[PDB]
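Chains Y, E, F, S and U, in that order, are what the protein sequence lines are. Residue 66 in the UniProt record's numbering sits at position 63 of the first sequence, and the numbers go up by one each step. Residue 142 in the UniProt record's numbering sits at position 142 of the second sequence, and the numbers go up by one each step. Residue 118 in the UniProt record's numbering sits at position 113 of the third sequence, and the numbers go up by one each step. Residue 75 in the UniProt record's numbering sits at position 74 of the fourth sequence, and the numbers go up by one each step. Residue 18 in the UniProt record's numbering sits at position 18 of the fifth sequence, and the numbers go up by one each step.
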Amino acid sequence: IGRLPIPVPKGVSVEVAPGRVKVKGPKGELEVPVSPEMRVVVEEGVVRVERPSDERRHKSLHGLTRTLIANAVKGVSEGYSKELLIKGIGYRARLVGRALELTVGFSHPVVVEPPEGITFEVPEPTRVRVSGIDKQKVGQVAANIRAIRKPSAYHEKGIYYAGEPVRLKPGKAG
Amino acid sequence: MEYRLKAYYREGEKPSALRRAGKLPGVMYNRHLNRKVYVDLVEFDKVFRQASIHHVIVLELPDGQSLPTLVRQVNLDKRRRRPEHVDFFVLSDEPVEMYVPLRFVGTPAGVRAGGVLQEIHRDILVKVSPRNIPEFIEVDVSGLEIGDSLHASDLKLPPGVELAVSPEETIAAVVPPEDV
Amino acid sequence: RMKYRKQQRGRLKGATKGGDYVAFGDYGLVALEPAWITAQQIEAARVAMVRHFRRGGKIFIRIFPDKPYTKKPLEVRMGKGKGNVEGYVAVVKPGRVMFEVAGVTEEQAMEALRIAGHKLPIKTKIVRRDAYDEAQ
Amino acid sequence: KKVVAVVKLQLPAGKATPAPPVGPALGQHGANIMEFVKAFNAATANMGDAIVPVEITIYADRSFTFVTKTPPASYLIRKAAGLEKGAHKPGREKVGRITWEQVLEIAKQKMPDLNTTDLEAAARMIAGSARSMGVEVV
Amino acid sequence: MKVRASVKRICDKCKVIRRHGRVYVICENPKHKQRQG
RNA sequence: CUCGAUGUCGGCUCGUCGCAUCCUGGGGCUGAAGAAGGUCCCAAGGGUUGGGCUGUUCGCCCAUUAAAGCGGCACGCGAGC
RNA sequence: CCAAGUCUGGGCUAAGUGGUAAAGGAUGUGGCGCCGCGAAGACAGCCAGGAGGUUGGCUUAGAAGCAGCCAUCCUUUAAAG
Numbered sequence: 004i005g006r007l008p009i010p011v012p013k014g015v016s017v018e019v020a021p022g023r024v025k026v027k028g029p030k031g032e033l034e035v036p037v038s039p040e041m042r043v044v045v046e047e048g049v050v051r052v053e054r055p056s057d058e059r060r061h062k063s064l065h066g067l068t069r070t071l072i073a074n075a076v077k078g079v080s081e082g083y084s085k086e087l088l089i090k091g092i093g094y095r096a097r098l099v100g101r102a103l104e105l106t107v108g109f110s111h112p113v114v115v116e117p118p119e120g121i122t123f124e125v126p127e128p129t130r131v132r133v134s135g136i137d138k139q140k141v142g143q144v145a146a147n148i149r150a151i152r153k154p155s156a157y158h159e160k161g162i163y164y165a166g167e168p169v170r171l172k173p174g175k176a177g
Numbered sequence: 001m002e003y004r005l006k007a008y009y010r011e012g013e014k015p016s017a018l019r020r021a022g023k024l025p026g027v028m029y030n031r032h033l034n035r036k037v038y039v040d041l042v043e044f045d046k047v048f049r050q051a052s053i054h055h056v057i058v059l060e061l062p063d064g065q066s067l068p069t070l071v072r073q074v075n076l077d078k079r080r081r082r083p084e085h086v087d088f089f090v091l092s093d094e095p096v097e098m099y100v101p102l103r104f105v106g107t108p109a110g111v112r113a114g115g116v117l118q119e120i121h122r123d124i125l126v127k128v129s130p131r132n133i134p135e136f137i138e139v140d141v142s143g144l145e146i147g148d149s150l151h152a153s154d155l156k157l158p159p160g161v162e163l164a165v166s167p168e169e170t171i172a173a174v175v176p177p178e179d180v
Numbered sequence: 006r007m008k009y010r011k012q013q014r015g016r017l018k019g020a021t022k023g024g025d026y027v028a029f030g031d032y033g034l035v036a037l038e039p040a041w042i043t044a045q046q047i048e049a050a051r052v053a054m055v056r057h058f059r060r061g062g063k064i065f066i067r068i069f070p071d072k073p074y075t076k077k078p079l080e081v082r083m084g085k086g087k088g089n090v091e092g093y094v095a096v097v098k099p100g101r102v103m104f105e106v107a108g109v110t111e112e113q114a115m116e117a118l119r120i121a122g123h124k125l126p127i128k129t130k131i132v133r134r135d136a137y138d139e140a141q
Numbered sequence: 002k003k004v005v006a007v008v009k010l011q012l013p014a015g016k017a018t019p020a021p022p023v024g025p026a027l028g029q030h031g032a033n034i035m036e037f038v039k040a041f042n043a044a045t046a047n048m049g050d051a052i053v054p055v056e057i058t059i060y061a062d063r064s065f066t067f068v069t070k071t072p073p074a075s076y077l078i079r080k081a082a083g084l085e086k087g088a089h090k091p092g093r094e095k096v097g098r099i100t101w102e103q104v105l106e107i108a109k110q111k112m113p114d115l116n117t118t119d120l121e122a123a124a125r126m127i128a129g130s131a132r133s134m135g136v137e138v139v
Numbered sequence: 001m002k003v004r005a006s007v008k009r010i011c012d013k014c015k016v017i018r019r020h021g022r023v024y025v026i027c028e029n030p031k032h033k034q035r036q037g
């Protein structure tokens with residue numbers, strides 16, 4: 004009925020492997036997992052997740068494999084870039100090539116090294132974030148950076164994903 | 001309106017097995033004639049539930065003998081309530097034993113006056129009027145504070161008049177939740 | 006608590022059911038699995054209700070603070086004539102008609118009770134009569 | 002920091018800078034005491050002793066005030082009526098009680114600004130907010 | 001915030017999050033770390 | 001059980017688990033600006049001074065300290081004082 | 001471990017509950033009755049408006065919903081706080 008519906012365009016290399024569905028698009032044959040009963044189809048332009056029963060575990064499973072491989076593919080069509088905005092009079096942003104940089108923790112040696120699909124975009128450096136390939140991996144790294152110097156809901160000099168409105172805890176007397 | 005499905009062996013044992021089934025024991029009684037029929041709970045209840053149908057009888061279809069009945073006695077099982085045995089009277093004509101639905105408007109002057117809240121003792125009435133009384137024996141009274149109380153006296157006996165209870169005693173009254 | 010002017014020393018031990026049930030306002034506490042209960046604690050619930058309510062609409066009652074218990078000494082050895090009377094309570098053991106009117110016209114009264122008891126001294130539930138009840 | 006929009010101010014016509022609603026109020030909220038106040042004088046000064054409510058700021062039409070708009074329900078009702086402050090307590094007290102016709106009449110009297118306006122709206126509102134304060138119907 | 005027992009949401013939009021039997025309420029209010037696991 | 005018998009205080013000497021953690025870190029929280037506080041969950045690793053007077057373990061006082069914790073084993077210890 | 005089915009049949013948990021405890025607290029899990037609803041085409045998702053006496057009681061420095069003790073209505077359709 005509705006918990007398994009997706010379209011598989013692009014001439015996507017959307018192909019079932021040995022326990023893993025290999026979704027190949029720009030570079031990575033993203034591994035979108037596969038459980039034994041789930042089972043799925045991809046014909047012409049239609050991509051469907053199967054439901055070998057209708058219990059709790061499966062139902063979720065459906066939502067999963069579905070949205071997931073869904074990902075795998077839409078992804079492979081593009082790649083995946085992360086929208087991160089650094090903002091803080093107490094911070095600098097520069098790529099250096101294959102590395103973090105940036106700081107508010109007054110002893111700037113902030114040397115990271117974009118794992119993979121991850122590339123660094125500093126055109127600012129306020130608007131400055133990353134690109135990846137792996138839906139999550141990207142999110143995760145972003146969090147890495149963010150958290151490592153970010154929080155501040157009362158006075159702020161931080162790194163913000165999209166830049167959520169974040170709290171505004173007043174201070175001394177007022 | 002109501003109905004039922006017949007018995008065989010009673011007093012207790014079998015009926016119990018019934019409860020099990022989903023049927024509680026039923027005593028079928030009329031002016032000096034009687035036999036046991038059985039209670040299929042679920043619906044039994046629904047109707048019962050009507051309550052207006054617990055005071056004011058209705059027609060029960062049993063084997064086709066469409067007849068008139070009211071509750072005259074019953075055993076609801078303390079341990080969870082519900083029953084231990086359901087008892088009714090099918091009635092010819094002479095209705096004297098009536099504890100029928102009682103309504104009244106306590107035309108505010110209580111909790112919207114002295115805060116006084118209205119306690120109801122009767123809510124219902126047991127008098128006479130052969131196979132003839134609705135779901136509303138009724139009365140009313142704005143007086144709702146001074147220590148005020150209304151009784152079987154003032155009463156106010158509509159249509160098929162017939163006080164079969166007492167020379168007063170009160171229907172209810174205004175209690176000071178906090179004075180007045 | 007209350008039992009003023011009693012008549013004797015004490016009761017003793019036993020118990021398994023009774024005869025509490027009806028209704029009486031339709032704001033009721035159906036005691037469920039118990040034993041005696043401190044006339045005081047009782048007062049607890051009393052209060053509890055009283056306050057929850059907007060502080061006036063009057064509740065009712067139920068089981069009385071009828072019995073007297075003794076821990077006997079204060080903590081000594083054990084042999085006195087079980088002397089001394091120290092606690093006074095109600096005695097309800099098989100789900101009972103704990104009767105609490107008030108005029109809250111609400112699951113509000115529900116609440117007040119709800120906890121007065123949830124607290125109280127045990128396992129119990131609450132409700133309203135629905136099999137009515139016929140007296141003389 | 003300085004929130005800019007019409008600031009509602011309930012005041013006493015003839016007067017000119019009510020401590021509570023116009024002293025600080027106008028000033029910091031988005032309006033202003035003595036000047037909004039005196040233009041006001043110019044105006045509400047001829048309608049002030051049964052409740053004078055107006056909303057003010059430096060607003061469109063390019064000016065200072067905004068809209069002088071009929072005394073609140075209950076305030077004008079009582080204010081035409083009789084006793085003093087709120088009935089200390091409404092509903093339970095039943096200390097202030099008006100009269101039908103009298104109601105429909107003052108009702109039409111000030112009626113103008115009435116929400117869409119009508120006899121029923123006027124008298125009915127009178128009873129409603131009237132009771133609201135302590136101005137019940139009797 | 002932890003309490004072996006009680007936890008009954010309150011940040012009003014306060015959430016019943018099952019985390020390893022961990023009876024934990026998640027919210028948007030530091031006040032509500034409802035940890036009763 | 002124990003009396004044809006099990007030597008009970010306190011203190012030494014040598015301790016050994018416990019955690020409801022004193023000090024140590026990890027922590028979400030604040031009525032958290034910093035700082036320093038207080039509030040709980042995780043974690044016993046190591047650490048967990050000297051005197052005074054009192055047969056007192058307790059305790060009060062002196063001077064420190066990261067701290068100078070509670071308590072299990074006949075309130076551990078006479079075949080060891 | 002040691003004699004004897006890692007029987008067959010239909011179920012439920014999955015925490016190892018086997019292998020110990022309460023008051024109590026819960027979108028656990030599974031099971032059955034009452035309500036509103038997909039064609040007065042639903043709900044979570046989501047557009048826009050979130051109304052005019054409402055902004056009436058003590059405090060009135062403020063209840064003039066969102067300080068607190070009383071009311072519990074009027075206009076008017078997003079429909080009605």
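Idealized CB from N, CA, C, for every residue including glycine.
Check                                                                                                                                       : Outcome
Interface positions of the segment 38-64 of chain E facing chain F (Cβ-Cβ less than 9 angstroms), listed along the chain                    : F48, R49, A51, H54 and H55
Presumed contact (8 angstroms Cβ cut-off) between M134 (chain S) and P91 (chain S), rounded CB distance                                     : 6 angstroms
Anticipated Cβ contact below 8 angstroms, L24 (chain E) with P83 (chain E), distance rounded                                                : 5 angstroms
Minimum Cβ-Cβ distance from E178 (chain E) to chain F less than 8 angstroms                                                                 : yes
Backbone CA spacing between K153 (chain Y) and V35 (chain Y) [nearest angstrom]                                                             : 32 angstroms
DSSP bridge partner residues for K85 (chain Y) (one or two, in chain order)                                                                 : Y:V133
Local conformation of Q143 (chain Y) per DSSP, three classes                                                                                : helix
Counterpart residues of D87 (chain E) in DSSP-defined beta bridges                                                                          : E:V27 and E:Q73
Given 8 angstroms, three or more beta-carbon pairs between the segment 74-83 of chain F and the segment 16-33 of chain S                    : no
Proximity test, Cβ basis, 8 angstroms: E111 (chain F) and chain E                                                                           : no
N-terminal and C-terminal residue of the alpha helix (DSSP H) that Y76 (chain S) is part of                                                 : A74 to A82
Residues of the segment 9-29 of chain F whose Cβ lies closer than 7 angstroms to any Cβ of chain E, in chain order                          : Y26
Three-state secondary structure assigned by DSSP to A20 (chain Y)                                                                           : coil
For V139 (chain S), three-class secondary structure by DSSP                                                                                 : coil
Residues of the segment 49-71 of chain F whose Cβ lies closer than 7 angstroms to any Cβ of chain E, in chain order                         : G61, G62 and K63
Reduced DSSP category for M98 (chain E) - H, G, I as helix; E, B as strand; rest coil                                                       : strand
Where the beta strand (DSSP E) through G61 (chain F) begins and ends                                                                        : Neither: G61 (chain F) is in no beta strand (DSSP E) and is coded neither H nor E.
Backbone secondary structure at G66 (chain Y) - three-state DSSP                                                                            : helix
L118 (chain F), enclosing alpha helix (DSSP H) - first and last residue                                                                     : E112 to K124
Contact test: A113 (chain E) Cβ vs the ligand PLP heavy atom, cutoff 7 angstroms                                                            : Because no ligand of any kind appears in the structure shown, any question about the ligand PLP cannot be addressed here.
Same chain, Cβ closer than 8 angstroms to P134 (chain E), neighbours up to 5 away in sequence not counted                                   : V56, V100 and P101
When S:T69, S:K95 and S:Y76 are compared against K86 (chain S), the one with the closest alpha-carbon                                       : S:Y76
Within chain F, partners of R81 (chain E) - CB distance below 7 angstroms                                                                   : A136
Per-residue contacts from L117 (chain E) into chain F (C-beta, under 8 angstroms)                                                           : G62, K63, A107 and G108
Neighbour-count burial assignment, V96 (chain S), 16 or more Cβ in a 10 Å radius                                                            : exposed
Chain-order list of residues whose beta-carbon lies under 7 angstroms from that of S66 (chain E) (same chain, five-residue window excluded) : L59
Whole-angstrom distance between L144 (chain E) and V105 (chain E), CA atom to CA atom                                                       : 11 angstroms
Closest by C-alpha distance to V175 (chain E), when choosing among F:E48, F:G61 and F:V97                                                   : F:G61
Any 3 or more C-beta pairs closer than 8 angstroms across the segment 155-173 of chain E and the segment 68-75 of chain F                   : no
Where residue 205 (chain E) falls: helix, strand or coil (DSSP)                                                                             : The requested residue 205 (chain E) does not occur in the structure, where chain E is confined to residues 1 to 180.
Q34 (chain U) burial status per 10 Å Cβ neighbour count (16 or more: buried)                                                                : buried
Where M41 (chain Y) falls: helix, strand or coil (DSSP)                                                                                     : coil
Residues in the segment 83-109 of chain F having any Cβ partner in chain E nearer than 8 angstroms                                          : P99, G100, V106, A107 and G108
Per-residue DSSP class, three states only, for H89 (chain S)                                                                                : coil
Contact under 8 angstroms by Cβ, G19 (chain F) with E105 (chain F)                                                                          : no
Nonlocal neighbours in the same chain, by C-beta distance under 7 angstroms from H30 (chain S), ignoring five residues either side          : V8
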